[PDB]
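Provided below as C-alpha cells are two forms of one protein chain, presented individually as structure 1 and structure 2.
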Structure 1
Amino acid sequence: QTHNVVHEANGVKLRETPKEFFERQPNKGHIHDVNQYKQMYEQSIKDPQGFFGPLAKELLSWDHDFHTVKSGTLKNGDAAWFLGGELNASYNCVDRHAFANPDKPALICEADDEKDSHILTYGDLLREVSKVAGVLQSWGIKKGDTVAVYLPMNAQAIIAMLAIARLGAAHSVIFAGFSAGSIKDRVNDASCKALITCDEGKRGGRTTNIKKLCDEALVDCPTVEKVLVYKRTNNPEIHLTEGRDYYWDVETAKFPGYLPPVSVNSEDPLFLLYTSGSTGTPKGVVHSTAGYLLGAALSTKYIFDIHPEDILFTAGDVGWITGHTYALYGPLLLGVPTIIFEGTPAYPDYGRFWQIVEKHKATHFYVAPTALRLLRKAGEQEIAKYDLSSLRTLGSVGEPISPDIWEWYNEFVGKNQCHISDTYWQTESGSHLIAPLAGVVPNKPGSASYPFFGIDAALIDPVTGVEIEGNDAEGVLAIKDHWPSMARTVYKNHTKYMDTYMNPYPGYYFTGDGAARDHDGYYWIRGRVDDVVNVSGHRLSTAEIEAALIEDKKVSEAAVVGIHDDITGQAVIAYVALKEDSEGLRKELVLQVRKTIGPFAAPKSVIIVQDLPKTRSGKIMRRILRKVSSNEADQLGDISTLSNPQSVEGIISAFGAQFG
C-alpha cells in the first residue's frame, strides 16, 4: 500500500480508461483485458519463439520465410531476429495496401499553410515511390548503399525514405534543423552516394533555406554523386550545380509508376539515424529491417489500439525516431492513414493541432510534453473552438510527463474521455519499451506503466551492479534480453555500440535512464543517469556543444551542463572562460552554436567565467557546474580536492549575475 522508495506512487488514484473510449472503438479490442496482456507478455519473455513467430507471419508480408525467430545475446552484441527471412519495407508499407484498396488515404499532408495541403492515397504513394526509386536506380543506387534525406516534415520526406528502402538501400534522414556542418558530418560518416532535398522550406509562414545549406555541406562530401531537388517553393533563384543536382519533378517524369521492390534480408540495415550521446561526434544508430518493422507494427497496433478505420496524427518530425516509427512505418505497415504535418503548433495560431484533428477526424494523437506545456501556456483558449470527439487515444513521448500536464492533457484535449499512453522509449529501442496499452492498462499519471512485449525490464543497483529483486525499488533501468526492434550497431563503429549499451552492465542493455518500480509493477522514469541532455524532445550532446563553443578562437575552455526548464524540460547552460560588451559576446557564442550544430542546440544561457573548476589532473569537474546551475551550491561539499578551489566562488557569482 505504502511505498518507502517510489514516493511518486504514494496515494495515486488508479485511472481506468473512460467508458467513452470503448464506445468509439470501431471493433473489439486487440487485447481482451489486462490479464490477457500479462499472459501474452509472459509468453513474449519466456517463449519469444512461439510468441513473435506467429505475429511476424501475421503482420508482415514475407518474400522468403524465416527459419529462426531469435538469435544472439546482448553480451556479444550479435542480436538477430527472423533469420533467413526476406522482405521489403516499402512493399509492406505501400504495395500490399495499394493492391487491396488503392483509393484509401495514406499520407494526409497538412502543409505549413493549409492552402497547400493535400492527400495521397496508397495508390498515389505507390506510383510516386516507384518513380523516385526508378530515379535512384538509374543513378546506380542499389542494395548496400546509403542515401541522405534533408527534407522538412512533408510528403516528399516520406516518399524519399520509402523509395530508398524499396531498392534495399538504407536512408539516413537529417533533421531539417541541422546546420551545414551537421549535414556534412552525417553524410561523410555514411558515405552517402546521393542526397534528396528541396529548394526551400516553409516554417511558420517564413521561407527557410534548405538547398543552400546542402550546397555548403556538399563541398566537403565527395561521396555524394547526385542530388534530387524537390520544388517546394519553385524559387527560380535557387542554384543547381550542373552534373550533380537534378529536379524531382523532371527526373520522376522519366520513369514509370511501378518499380519492383528489392527483397532484402531481415537483418540487412533499413536505415541510419544519427544520434547524440555522451560522446563528441554523432553516432549512426543502425536498425534492421524485419525486427524494426515488426516492433513498429506491434506497438502501433497494441499500445495505441490502431484498427483499419483509425487515423493517426503523430505530431513529430521524421528527423527524429518518433517520426520514423510512428508517423511513417507504424501507421503504413498497418495500412491506416497517417497525418504528416509540415508546420508548427503556433501557426496560423495555437489551435492548428486541433483544427487538423477535427478536419480529418483523427482517432489517435501523439505529441511531446514540450508542446503540451506550450499550448497550456498560450493556447488553452483555442481548444473550445474545435470538436475533438473523434479522438480516443492520446500519446505522450520523448520526455517526462508531469502529473499536472497529464491531467491537463486528459481534461482539455481528451475531455476526460480518452486513454492516455505515456510511451517510454528511445532511438536505440526502435519502438515502445514501457507504455500503457490503450483500453487495457489503467494509468497512474506520470508512470509509463508496464513493459511491452519482448521487453524484460529490470532495475540494477548502481553501487553493486546486481539486479534488484522485488518492488518498491529504484536503480538503473536495464533490459535483460534483446528485442526485435533493438538497434543492431553504430555504423562502422560496433565497438562504440558495445561500450555504450552492452558492456556497462554485462548481460543487460543499458538504457541510460534511471527508474523506479512500485508495488504494482508500474515503472516510473527518473531520467538519464549518463548526463545526456534532452531539450524540447531533441536529444542533445553537451560535449558537441562544448566543441562548438571552442571553435570560436576567443574561447579557451568551455563546459556545458543541463538543468530543468519549465518550457523545454531541460536547458543547456554553457560556462565559458575567455583568453582576454559582455552581452554582445554572449550573443556571439550562442550564434556560434547555431552555425555548427543547429538552432535547436543553442544554449539557453552562456555564463562567462574567469576559470573552470578542475581536478588535480586538470580535468574539468562538471559535477560542480551542475550543482551550481541548480540552486544547490550548498551541496558542493569538500572542494579541497580541486586544483583551483578558488574558482568555485566565481562560478556561483557569475551564474547568479548572468543567468538572465
Structure 2
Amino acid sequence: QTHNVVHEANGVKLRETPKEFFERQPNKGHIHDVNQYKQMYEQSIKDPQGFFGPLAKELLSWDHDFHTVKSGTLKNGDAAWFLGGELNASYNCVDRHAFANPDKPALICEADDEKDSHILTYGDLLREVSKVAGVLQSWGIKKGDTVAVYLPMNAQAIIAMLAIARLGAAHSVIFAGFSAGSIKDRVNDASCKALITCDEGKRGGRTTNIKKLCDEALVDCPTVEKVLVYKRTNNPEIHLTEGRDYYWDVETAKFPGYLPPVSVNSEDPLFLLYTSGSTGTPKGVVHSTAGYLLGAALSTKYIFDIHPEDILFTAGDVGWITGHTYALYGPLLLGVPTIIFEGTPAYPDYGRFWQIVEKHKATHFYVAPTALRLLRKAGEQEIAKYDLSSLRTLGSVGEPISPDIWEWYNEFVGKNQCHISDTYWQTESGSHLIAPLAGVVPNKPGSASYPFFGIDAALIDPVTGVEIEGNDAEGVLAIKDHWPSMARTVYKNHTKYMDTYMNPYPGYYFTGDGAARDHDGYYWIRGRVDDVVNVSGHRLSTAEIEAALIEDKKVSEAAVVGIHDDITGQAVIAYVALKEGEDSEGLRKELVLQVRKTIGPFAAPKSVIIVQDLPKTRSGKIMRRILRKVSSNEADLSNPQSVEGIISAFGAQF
C-alpha cells in the first residue's frame, strides 16, 4: 500500500469517471469497464492477428485486402502491418463520409478573427481536396513524391495534406513558426517537388510573413518546381516568382470537384514530420499509411470515446504530430467534425477557447498544459461566461500535467463532470501509447495510467539494461514489440533510426523518456532522459539551438540547458562563450535573434548568458548539470574557477 520508489503515487486516490460523462454519452460506450479493457489489451498483446485484423477491416476501408496482419521484429527494424493491403487516406478521411452524408460538417474552421470563420462539410471537403490534388497532379506530382506544406493551422492546411495523400505522395508539413533556415533543411532533405503555402498569416491579430520566408528558403531548394500560394490576406504587395509560384484560387478553378484517389500499399509512406532529437539536425520521421491510420482511428475512438454524434476540438497545430493525428486523421477517419482553430487562446480575449466550445457545442477538448497554465493565470474569469456543458472528455498532451493543473482543469473547465485523459505519446509513436480511456480507466492526477492496445510497456534499468520485473519501479520507458502506428524509419537514414530507437536496448523500442510504474500498474512519466527540452509543448533539441548560436561567427562554443518554467513548463537557457575580437547587453540580443532566424521565434532562448568560458570537464566536454543548477538558482573540472563566473554572469544578465 506504500511506495518506496514511485513517490508520486503515495496517497493518490483513484478518481472515478463522473456520472455526468455517461449521461452525456450519445450511445453505449465502446468499452464497458476496466475488466473488459484488460482482456482486450491482453489480446492485443498475445494475439495481435486476432485483435487488429478484425479492427482493421472494421475501421478502415480497403482498396485491396491484406493477407498478413503483422510482420518483422523490433530488433531487425523491419516492422510492417497489414501487408498486401491497399487503401488511400483521403478516401478514408473524406470520400467515404461524403458519399454517406455529404452535408455533415467536416472542418469547423474558426479563424483568428471570428468574422472569417466558416464550416466545410464532407462534400465541400471532397471537392476542395479533389481540386488541389488536380492541380498537383497536373504539375507532375505522382506517387512516391513528397510535397512540403508551410501553412498556419487553418482549413487550407488540412486540405493541402489530404490532397497530397490523395495522389499517393507524402506530405511534409512545416510548422508555420519555423524560419527560412528550418524550411530549407526540411525541404531539401525530402527533395520536395512542390510547396503549398500562403501569402501572409493571421495569428493573435498580428500579420506574419509567410511567403517571404518561403522565397527566402527556396533559393537553396532546387527540387521545388512549383509553389501553390493561398490568398489568406490578399495583400497586393506579396511578390510571386514568375514561372514558379501560382495562386490557389486561380489553379483550383481549372479542375473539377472530384479526382480519383490513388491506391497505395499499407506500408507506403503517408507523411514525413521532422522532429528534433538529441541529433543537432532534425530527422524526418516517416509513418506508414494503414498502420498509422488504424492507430489514429483506434486511439481516438477508444481513448477519447468518440462517437458519430461527437465534435472534437484539438487545440493544436498540424505542424506537430498532435495536429496530424488528433486534429486531422483521428476525427476525420471516424467521420466526426473537427474544429480547426487558427488563432490563439488570448485573442480577442482569454475566453476564446470557451466561446468556440460553446459556439459549436464541442464534446471533446484536447490541449497542452501550457495553455491551462496561461489560462489559469489570466483567464479564470472568462470561463464562467460560457456554457461548457456539452464537453465530457478533456485531454492533455505534450507535457507532464501537474496534479494541481489536473485539479484546476477538472474543476474550472470540466466542472467535476468530465473525464480527463492525460495522453502520453510521441511523434515516432503515431498515436497514443499510454492514456486513461474515457469512461473506462479511473484517473490518478498526473498519471497516464495503462498502456493502450498493442503497447507492451516496460521499464529498463538504465545501468544494467535489463527489464525491471515487478511494480513500484522506475527506469527508462521501453516498448517490447512494435505497434501498428509506430514510425517505420528516418527518411533515408534508417541507421540513425536503428541507433536511436532499436539499438540502445536491443529487443525494445527506446522512447527517450523516463517513467515509473506503481503498485496499481499506472505509469508516471518522469521526462526525457536525453538532451531534449519541452518548451511550451514543442519538442526542442538543445543541440539544435546550440548549432544555431554557432552560426553567429562571433561564438566559439555554446551550451544550452533546460530549466523549470512555471508557464512554459520548461525553458531554455543558453550559455555562450565568445572568441576574441563591445556592448555585452547588445550582443546577448544578437544571439537571441540568431536563433529566431535559424530555427524560429518559438525556439528563442528565454535568456542568453554570456560567459568567459564554459564549465568543461577534465576531458573537455560541457557538463550541462552545472549550468542547470546555476540557472535554476540551485548552484549548491578542468576549470573549476569558471563556475564562480558562471553564477555572476547569470546573476547580472538574467
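Along the sequence of structure 1, residues get numbers from 1 upward. Rigid core: the largest C-alpha set superposing within 1.5 Å between the two forms.
- No residue of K604, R626, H30, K70 other than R626 has its CA displaced by 2 Å or more between structures 1 and 2 when the core is superposed.
- Annotation: Cα of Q43 displaced by less than 2 Å between structures 1 and 2, core superposition.
- A displacement of less than 2 angstroms separates the C-alpha positions of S61 between structures 1 and 2, with the rigid core held in common.
- Aligning the rigid core leaves the CA of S617 displaced by 3.4 Å between structures 1 and 2.
- Per-residue C-alpha deviation between structures 1 and 2, core superposed: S485, 0.3 Å.
- With both forms fitted on their core, the C-alpha atom of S647 sits 1.9 Å from where it sits in the other form; this compares the forms between structures 1 and 2.
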